[PDB]
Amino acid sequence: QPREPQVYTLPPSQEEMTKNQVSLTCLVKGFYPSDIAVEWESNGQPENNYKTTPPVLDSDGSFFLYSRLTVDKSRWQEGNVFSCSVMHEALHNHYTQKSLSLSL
């Protein structure tokens, strides 16, 4: 049957703070079927500098993927809020979003 995606945001590693840009991660797991859309935003505006892995088949027959938004380290360190949004047929209202920031 359809299975609802679980969406978890994961902050950049402390070790990435030596770089000019850092990685904001959105883990989307346990979803079926594989058809899905994932996007990023901040302050209500689209954040386009991201890449998302293809869905990967898990052992339970569901799928997972990760989406990675790359941002200027200063935007992350200065407490900006980002959010990953997911569209999938097994989500209530077919939509959910999760926020990611140092300030949360």
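All residue numbers are counted from 1 along the displayed sequence.
Pick between 85-93 and 9-17: the one whose mean CA B-factor in the entry is higher.
On average, C-alpha B-factors are higher across 85-93.
Tell me which of 22-30 and 57-65 has the higher mean C-alpha B-factor in the deposited entry.
The stretch with the larger mean CA B-factor is 57-65.
If you rank the chain by CA B-factor, which third does residue 45 end up in: lowest, middle or highest?
Highest third of the chain for residue 45's C-alpha B-factor.
Where does the C-alpha B-factor of residue 74 rank in its chain, lowest, middle or highest third?
Its C-alpha B-factor, which the entry lists for residue 74, ranks in the highest third among residues of this chain.
Should residue 1 be placed in the lowest, middle or highest third of its chain by the C-alpha B factor in the entry?
It belongs to the highest third of the chain when residues are ordered by C-alpha B-factor.
Where does the C-alpha B-factor of residue 103 rank in its chain, lowest, middle or highest third?
Within its chain, residue 103 is a highest-third residue by C-alpha B-factor, going by the deposited values.
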